Amino acid sequence: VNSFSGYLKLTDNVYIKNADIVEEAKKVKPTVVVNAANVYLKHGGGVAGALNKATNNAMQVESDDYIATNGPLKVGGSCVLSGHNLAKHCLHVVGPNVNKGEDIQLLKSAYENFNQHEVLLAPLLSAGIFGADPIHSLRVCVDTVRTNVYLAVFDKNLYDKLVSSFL
Ligand SMILES: O=C(c1cnc2[nH]c(=O)[nH]c(=O)c2c1)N1CCCCCC1
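Throughout what follows, the structure given in this document is the object of discussion. (Residues numbered from 1 in each chain as written, not as in the entry; some residues may be left out. Heavy atoms only, no water.)

Once that is clear, we can look at the overall build of the chain. The helix and strand tally for the chain stands at six helices and seven strands. Helices and strands in the chain line up, N terminus first, as β-β-α-β-α-α-β-β-α-β-α-β-α. For 167 residues, the compact-globule formula gives about 15 Å, and the C-alpha radius of gyration of the chain, at 14 Å, lands near that figure. Judged by the C-alpha coordinates and their principal axes, the chain covers about 45 × 35 × 30 Å. Here the chain displays about 8100 Å² of accessible surface, and carbon together with sulfur accounts for 51% of that area. The positive charge centre, built from 15 side chains, and the negative charge centre, built from 15, are 3 Å apart in the chain. (Helix = DSSP H or I, 4+ residues; strand = E, 2+ residues; numbered from the N terminus. Rg over C-alpha atoms; globule rule 2.2 N^0.38 Å. Areas by Shrake-Rupley, 256 points an atom, 1.4 Å probe, with all protein chains shown as cover. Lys, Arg positive; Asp, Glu negative; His and termini not counted. Charge placed at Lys NZ, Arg CZ, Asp CG, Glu CD.)

With that settled, consider the site of the ligand. Taken together, the neighbourhood of the ligand is formed by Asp 20, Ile 21, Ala 50, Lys 53 and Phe 154. Taking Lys 53, its side chain carries an N or O atom lying 3.1 Å from a nitrogen atom of the ligand. Relative to its unbound accessible surface of 460 Å², the ligand loses 51% to contact with the protein. Grouping the amino acids of the shell around the ligand by side-chain chemistry returns three nonpolar, no polar and two charged. (Near = heavy atom within 4 Å. Polar contact = N/O pair within 3.5 Å; in protein donor to acceptor, adjacent residues only side chain to side chain. Nonpolar A, V, L, I, M, F, W, Y, C, P; charged D, E, K, R; others polar.)

With that settled, consider helix α1 (residues 21-28). For α1, the full list of buried residues reads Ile 21, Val 22, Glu 24, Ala 25 and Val 28. Buried positions in α1, seen along its axis, are confined to an arc of 165° and lie on one side of it. Packed against the buried residues of α1 are β2 (14-18), β3 (32-36), α2 (46-54), β6 (119-122) and β7 (148-153). Two or three places before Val 22, at the opening of α1, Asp 20 has a side-chain oxygen 3.1 Å from that residue's backbone nitrogen. Of the residues one or two after α1, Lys 29 is the one with positive phi, at around 55°. (Buried < 20%, exposed > 50% of the residue type's maximum accessible area, 1.4 Å probe, protein only. Arc of directions from axis to C-beta. Contact = heavy atoms within 4.5 Å.)

See the structure below:
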């Protein structure tokens, strides 16, 4: 038993809700919140910008130190950093950005990072400003992630669509 409420169960291990991931992290305080990161951990907009602003820019400060030490992530890769006031840890995961021409097949590799964590609160990778089809992203999620994932979808219209079209 865990503290996630209001979710619709999609599969044995995938749950979905219409929620603001920032507000959901603020109330659940999950062990892991997933950020829709880029390779530079520049948290300027989208989920990333929203999560970072909720940390009063502390996420960005930590991220800049990480990059200064380690260099950029790979597309399809991830790193574990602090969750600040939102979660214990933030898993920064880089899905391919279709608006940069990145290969969509890397979306499966991105979701594989979730399997290193027993439970996660997450957005749909490569959705929103990353330009991928959120329905395809949901299919890859279901077919790749084996651990327990609670998907927060900000847009109510999108949500209702994802549910109605789910197989
Ligand atoms: O990007 C935002 C977001 C960020 N900052 C905001 N600041 C404000 O004053 N009003 C807003 O609606 C607002 C929205 N979201 C999408 C990704 C996370 C889910 C919640 C909202």
